[PDB]
Each structure stands twice: as C-alpha cells, then as structure tokens.
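Scroll down for the structure; my scribbles are underneath it.
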Amino acid sequence: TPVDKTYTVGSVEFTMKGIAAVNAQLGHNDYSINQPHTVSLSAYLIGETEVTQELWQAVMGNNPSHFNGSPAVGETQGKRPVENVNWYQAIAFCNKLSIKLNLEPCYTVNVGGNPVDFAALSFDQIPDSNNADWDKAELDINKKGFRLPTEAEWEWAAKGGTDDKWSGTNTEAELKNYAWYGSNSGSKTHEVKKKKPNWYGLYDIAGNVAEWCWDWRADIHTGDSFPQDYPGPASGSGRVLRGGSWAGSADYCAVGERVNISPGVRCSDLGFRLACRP
Ligand SMILES: [Ca+2]
Ligand code: NA
C-alpha cells in the first residue's frame, strides 16, 4: 500500500490516501448497467476528502460554489466541498495543482491545434458548455500529477475493502453516520470529514457532493472484461460522477450506482476528489 501523503498549497493542507494494487471486483448483479466485473488496478492514491472550497480557491483564485455561505451550525465554510464546477474546470484545477506542487500534469488539451498552457490559462478560458477540444483531453496516467480517478479506481476505493452497498454500511438506517444525503443534509453541503470514514480512511465517499470521474459512460454488461487500469471508452456523451450527494436518495449514494452528465454541466451537488500515483 502506497504511503499516505499530505500536501500544502499556501496554508491549505490535503491528504492523499494509498490504495494497494488489486484485481478490483466491481459492480453488482443488481445494477443492470454496472454488472459484476474485474479491473486490475495499479497502486494509486485517492483524496482523503473531496476538494474543499479553500483548496479550490488556493489554486484557482475564485469560488464558484453554490453553497459559498451559511454553513450548518459548527461547520467551517472553507472546508465544505467545492461544487458548481464542470468536468473541464475540474481537470484544469488538477493540472494547476500539479504545476503549483512541481509535479508533471496528467492532462493535455489542444485548442485549435495549440497546446493549452495550464499555468497561463485563466478561468474564463475554460469552457462552460460542451467543447470538442476539451472533450479530447488526453490522460497520461503515468505522470505523477493530480487527476480525476478512473471510475474503477473510484469504485474500488469507495468499497473500502468490503461488499456493503454503501461506503461503511449495508443499511440505509446506518447511512446517516457515514453520509450527508437527502434525508439528513438539510438541503446543503457540509464540512468534509464530519461523518465516519470507510476502512481505507476516505470521508464522504457517500453523500455530500457527487464526484467527477475521468471516464466516459458506457454500460457494463454481464461477463464484460476490461484491460489493466481501464480508463473507460474512447468516446461517450456523458462523463461519470459517483457517490451521491446532499440532494440524493440513499440509493443514489450506493458505491455501485453509476451516474453521468455532459461535461459542460455543473451543479450545487457535484464536486470532485483527487487521484494520483506514487
Ligand atoms: Ca461524496
Ligand atoms: Na455494489
């Protein structure tokens, strides 16, 4: 298992949690579009928490979050997850974070044939609608920088070494102890790391905000096989997001429940969690 790592951007600290190489047993018979399948995964790290508003702002110099004020009693505003960021804006953050921390960026984007310099890139230059150039973003998974997890990486980490329906529990009854979801959120996001973690030490895998993943969505059917470190299909209409949110039913927060939307779309219940490799 890779050693956990804590990084600092200005005054903001964040932790990446080690996940051992594994033949990940993913999906479930009860999900027609996420049938049981195996993906061999290389060792990786995944964010202990969602990317918070203060981490987002430390890198990006703005805060587009819908819930940018009025935190719940006893909660710190800046430690709520960032949300209202689209998939393009998330990958741009990942590259800018890598650059700030002197790691090689995982992502390349060419705009009209010109490679995007992610250091120079201003926020307003990132698309807020479906954009063909950014849809062709290239992932080099062997660079040491930060990135979105693949869907397989996300689900394996979410499962936390167990076979439970949710991250940390197998009943909706106990879900309140692990997740901020439709029933207990009060219609808002919460400070990260306020509920129980899973056995891999990840917080808010279920609930709070859904989390952008790298992959285009394609249905995963009975008997399907996948290559090592599968990053999803080459094309699709929606990028995957996982884990459910403050707005979702308990079932929406299940570890195996697959959701996807146009990458240009952003909402108040959708943020992201980082991944990288040692
Ligand atoms: Ca979440
Ligand atoms: Na499952």
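Going through the structure tokens in order, the chains are called A, B, and so on, while each chain numbers its residues from 1 and the ligands are numbered from 1 in the order shown.
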
Pick out the residues no farther than 7 Å from ligand 2, counting only C-alpha atoms and all ligand atoms, and list them as a tab-separated table (two decimals) with N, CA and C atoms, in the first residue's frame.
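Output contents, as saved in pocket34.tsv:
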```tsv
chain	number	residue	atom	x	y	z
A	27	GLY	N	-18.93	-3.62	-9.53
A	27	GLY	CA	-20.29	-3.86	-9.96
A	27	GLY	C	-21.06	-4.78	-9.03
A	28	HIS	N	-22.27	-5.14	-9.45
A	28	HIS	CA	-23.15	-5.99	-8.66
A	28	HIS	C	-24.26	-6.48	-9.58
A	163	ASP	N	-17.98	-5.63	1.00
A	163	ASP	CA	-19.00	-5.91	0.00
A	163	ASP	C	-20.33	-5.18	0.29
A	164	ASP	N	-20.29	-4.19	1.19
A	164	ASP	CA	-21.50	-3.45	1.56
A	164	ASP	C	-22.02	-2.59	0.41
A	165	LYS	N	-23.32	-2.30	0.43
A	165	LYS	CA	-23.95	-1.47	-0.60
A	165	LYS	C	-23.44	-0.03	-0.57
A	254	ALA	N	-25.16	4.83	-3.22
A	254	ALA	CA	-24.59	3.49	-3.18
A	254	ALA	C	-23.29	3.44	-3.98
A	255	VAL	N	-22.33	2.63	-3.53
A	255	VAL	CA	-21.00	2.56	-4.16
A	255	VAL	C	-21.03	2.13	-5.63
A	256	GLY	N	-22.08	1.40	-6.02
A	256	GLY	CA	-22.18	0.88	-7.38
A	256	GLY	C	-23.15	1.60	-8.30
```

Please, which residues in chain A fall within 10 Å of ligand 1 when counting only C-alpha atoms and all ligand atoms, and what is the closest atom pair and distance in Å to one decimal for each, ordered by chain then residue number, as CSV?
```
residue,atom,partner,partner_atom_place_in_ligand_line,distance
A:49,CA,ligand 1,1 (Ca),8.3
A:50,CA,ligand 1,1 (Ca),6.7
A:51,CA,ligand 1,1 (Ca),10.0
A:81,CA,ligand 1,1 (Ca),8.7
A:158,CA,ligand 1,1 (Ca),9.7
A:179,CA,ligand 1,1 (Ca),7.9
A:180,CA,ligand 1,1 (Ca),8.4
A:181,CA,ligand 1,1 (Ca),9.3
A:189,CA,ligand 1,1 (Ca),9.8
A:192,CA,ligand 1,1 (Ca),9.1
A:202,CA,ligand 1,1 (Ca),9.8
A:203,CA,ligand 1,1 (Ca),7.9
A:204,CA,ligand 1,1 (Ca),4.6
A:205,CA,ligand 1,1 (Ca),4.4
A:206,CA,ligand 1,1 (Ca),4.9
A:207,CA,ligand 1,1 (Ca),4.4
A:208,CA,ligand 1,1 (Ca),4.9
A:209,CA,ligand 1,1 (Ca),4.3
A:210,CA,ligand 1,1 (Ca),4.8
A:211,CA,ligand 1,1 (Ca),5.9
A:212,CA,ligand 1,1 (Ca),9.6
A:241,CA,ligand 1,1 (Ca),9.7
A:242,CA,ligand 1,1 (Ca),7.4
A:243,CA,ligand 1,1 (Ca),5.1
A:244,CA,ligand 1,1 (Ca),6.0
A:245,CA,ligand 1,1 (Ca),5.9
A:246,CA,ligand 1,1 (Ca),8.6
A:253,CA,ligand 1,1 (Ca),8.1
A:269,CA,ligand 1,1 (Ca),8.9
A:270,CA,ligand 1,1 (Ca),8.3
A:271,CA,ligand 1,1 (Ca),7.8
A:272,CA,ligand 1,1 (Ca),7.7
A:273,CA,ligand 1,1 (Ca),8.1
```

- Message: Using DSSP secondary structure from the backbone, list all strand (DSSP E or B) positions within range 58-244 of chain A, as a PyMOL selection string.
- Response: chain A and resi 81+107-108+110-111+114-115+138-139+147+210-216+220+239-242

How would the residues just chosen look if you wrote them out with N, CA and C atoms as a compact mmCIF listing (two decimals), in the first residue's frame?
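Dumped to selection-v1.txt:
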```txt
# COMPACT_ATOMS: atom_id res chain seq x y z
N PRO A 81 -17.14 21.06 0.60
CA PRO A 81 -16.62 20.73 -0.73
C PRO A 81 -16.91 21.83 -1.73
N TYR A 107 -2.79 15.87 -17.68
CA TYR A 107 -3.70 16.17 -18.76
C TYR A 107 -3.11 17.11 -19.79
N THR A 108 -3.40 16.83 -21.05
CA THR A 108 -3.06 17.71 -22.17
C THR A 108 -4.35 18.05 -22.93
N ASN A 110 -5.52 20.39 -26.45
CA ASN A 110 -5.17 21.23 -27.59
C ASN A 110 -6.38 22.03 -28.03
N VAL A 111 -6.24 23.35 -28.05
CA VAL A 111 -7.31 24.24 -28.51
C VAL A 111 -6.93 24.78 -29.87
N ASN A 114 -3.41 24.23 -30.78
CA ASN A 114 -2.43 24.86 -29.90
C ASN A 114 -2.49 24.25 -28.49
N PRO A 115 -1.38 23.64 -28.02
CA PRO A 115 -1.39 23.07 -26.66
C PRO A 115 -1.71 24.13 -25.60
N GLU A 138 -6.32 14.59 -23.19
CA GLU A 138 -5.52 13.37 -23.12
C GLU A 138 -5.00 13.14 -21.71
N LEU A 139 -5.16 11.91 -21.23
CA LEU A 139 -4.66 11.49 -19.94
C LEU A 139 -3.38 10.68 -20.11
N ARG A 147 -5.12 14.18 -10.74
CA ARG A 147 -6.11 13.92 -11.78
C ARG A 147 -7.40 13.44 -11.16
N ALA A 210 -21.58 14.59 -5.17
CA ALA A 210 -21.14 13.58 -6.12
C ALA A 210 -19.77 14.00 -6.66
N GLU A 211 -19.05 13.04 -7.25
CA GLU A 211 -17.64 13.26 -7.55
C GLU A 211 -17.32 12.89 -8.99
N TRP A 212 -16.86 13.87 -9.75
CA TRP A 212 -16.49 13.64 -11.14
C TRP A 212 -15.41 12.58 -11.25
N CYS A 213 -15.60 11.65 -12.17
CA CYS A 213 -14.55 10.70 -12.54
C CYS A 213 -14.09 10.99 -13.97
N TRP A 214 -13.00 10.34 -14.36
CA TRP A 214 -12.41 10.54 -15.68
C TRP A 214 -13.31 10.03 -16.81
N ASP A 215 -13.88 8.84 -16.62
CA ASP A 215 -14.43 8.04 -17.73
C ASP A 215 -15.65 8.62 -18.42
N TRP A 216 -15.71 8.42 -19.73
CA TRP A 216 -16.99 8.44 -20.44
C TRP A 216 -17.82 7.25 -19.96
N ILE A 220 -21.91 -1.38 -18.55
CA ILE A 220 -21.07 -2.54 -18.25
C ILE A 220 -21.98 -3.75 -18.06
N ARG A 239 -19.75 12.26 -18.93
CA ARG A 239 -18.69 11.80 -18.02
C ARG A 239 -19.31 11.29 -16.73
N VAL A 240 -18.69 10.26 -16.16
CA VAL A 240 -19.17 9.63 -14.95
C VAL A 240 -18.99 10.52 -13.71
N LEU A 241 -19.98 10.49 -12.83
CA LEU A 241 -19.84 11.04 -11.47
C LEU A 241 -20.42 10.02 -10.50
N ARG A 242 -19.84 9.97 -9.31
CA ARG A 242 -20.15 8.90 -8.36
C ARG A 242 -20.36 9.37 -6.94
```

- Task: Do a neighbour search on residue 104 in chain A at 9 Å with only C-alpha atoms, toss out local chain neighbours closer than 6 positions, and write the hits as a VMD selection string.
- Result: chain A and resid 95 98 143 to 146

Keeping only N, CA and C atoms, write the selected residues to a file as a PDB file, in the first residue's frame.
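Once written, again_19.pdb looks like this:
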```
ATOM      1  N   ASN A  95      -4.533  20.054 -13.176  1.00  0.00           N
ATOM      2  CA  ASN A  95      -3.276  20.479 -13.784  1.00  0.00           C
ATOM      3  C   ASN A  95      -2.621  21.658 -13.064  1.00  0.00           C
ATOM      4  N   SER A  98      -1.045  20.391  -9.871  1.00  0.00           N
ATOM      5  CA  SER A  98       0.206  19.705 -10.197  1.00  0.00           C
ATOM      6  C   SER A  98       1.339  20.700 -10.398  1.00  0.00           C
ATOM      7  N   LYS A 143       2.106   9.994 -15.460  1.00  0.00           N
ATOM      8  CA  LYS A 143       2.650  11.218 -14.880  1.00  0.00           C
ATOM      9  C   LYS A 143       2.319  11.239 -13.388  1.00  0.00           C
ATOM     10  N   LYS A 144       3.105  11.978 -12.605  1.00  0.00           N
ATOM     11  CA  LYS A 144       2.958  11.984 -11.146  1.00  0.00           C
ATOM     12  C   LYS A 144       1.978  13.035 -10.618  1.00  0.00           C
ATOM     13  N   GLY A 145       1.381  13.815 -11.518  1.00  0.00           N
ATOM     14  CA  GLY A 145       0.455  14.875 -11.113  1.00  0.00           C
ATOM     15  C   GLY A 145      -0.911  14.398 -10.660  1.00  0.00           C
ATOM     16  N   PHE A 146      -1.745  15.357 -10.281  1.00  0.00           N
ATOM     17  CA  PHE A 146      -3.093  15.074  -9.811  1.00  0.00           C
ATOM     18  C   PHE A 146      -4.076  14.956 -10.963  1.00  0.00           C
TER      19      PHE A 146
END
```

- Message: Would you pick out the contacts of residue 85 in chain A at 8 Å or less, using only C-alpha atoms, so that residues sharing its chain but fewer than 6 positions from it are not included, and give the list as a list in words?
- Response: residues 64, 65, 265, 266, 267, 270 and 271 of chain A

Write out as a CSV table (one decimal) with C-alpha atoms, in the first residue's frame the residues lying within 9 Å of residue 168 in chain A, counting only C-alpha atoms and excluding same-chain residues fewer than 4 positions away.
```
chain,number,residue,atom,x,y,z
A,158,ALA,CA,-15.3,3.5,-2.2
A,159,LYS,CA,-15.9,-0.1,-1.4
A,160,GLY,CA,-13.3,0.2,1.4
A,162,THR,CA,-16.0,-4.7,2.0
A,164,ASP,CA,-21.5,-3.5,1.6
A,174,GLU,CA,-26.8,3.5,9.4
A,175,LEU,CA,-26.1,5.7,6.3
A,177,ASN,CA,-23.5,8.0,10.3
A,178,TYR,CA,-21.4,7.9,7.1
A,196,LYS,CA,-17.4,8.2,9.7
A,197,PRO,CA,-14.7,7.2,7.2
A,198,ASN,CA,-14.6,3.8,5.3
A,199,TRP,CA,-11.8,1.3,6.1
A,206,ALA,CA,-21.1,8.5,0.1
```
